[PDB]
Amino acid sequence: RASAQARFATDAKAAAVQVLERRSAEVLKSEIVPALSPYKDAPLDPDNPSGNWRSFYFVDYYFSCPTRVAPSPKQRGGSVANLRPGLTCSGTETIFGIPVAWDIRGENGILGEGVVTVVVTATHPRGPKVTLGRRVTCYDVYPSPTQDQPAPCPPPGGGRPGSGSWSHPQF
């Protein structure tokens, strides 16, 4: 009985991992785009802005999820019109009959600047649940941001506005 539950738990974890891996890879994806693309983030050659640029999906997920926020003028022209429209922030995948809830979101406030979390929960039909997360920062894309070339990191104060929370045991 212990054995059977342990097997279901192992499977729930494997289902969780496969969704966490795929959704995290989306956050870290980049693409080469022309200088006319609204989704450009950094030029391949800083001395040739008329040439190709790299575009990081990190920026699209960070500012779109769970709700759309305009970036600072330093990223995507400060406009939500220049975030990719095709994206899904959350959902449920079924992996060998195991439902896995998943969510991608940017963090907010100064602490959340340039951070995206990916969180999954697999709920095995026979009981066991497994919840996994991955924390991705703007520094984790390739190539690495530098002082001179900060994208896809936002400038200070250029992330998602702080949502606010006041917790206390007295409450």
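Sequential numbering from 1, following the sequence displayed.
- Stretches 96 to 104 and 83 to 91 differ in mean C-alpha B factor, with the higher average recorded for 83 to 91.
- Taking only CA atoms, the mean B-factor in the PDB entry is higher for 142 to 150 than for the other of 51 to 59 and 142 to 150.
- Listed residues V116, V130, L36, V119 were ranked by CA B-factor as deposited; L36 comes out on top.
- Sorting the modelled residues of the chain by their CA temperature factor places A70 in the middle third.
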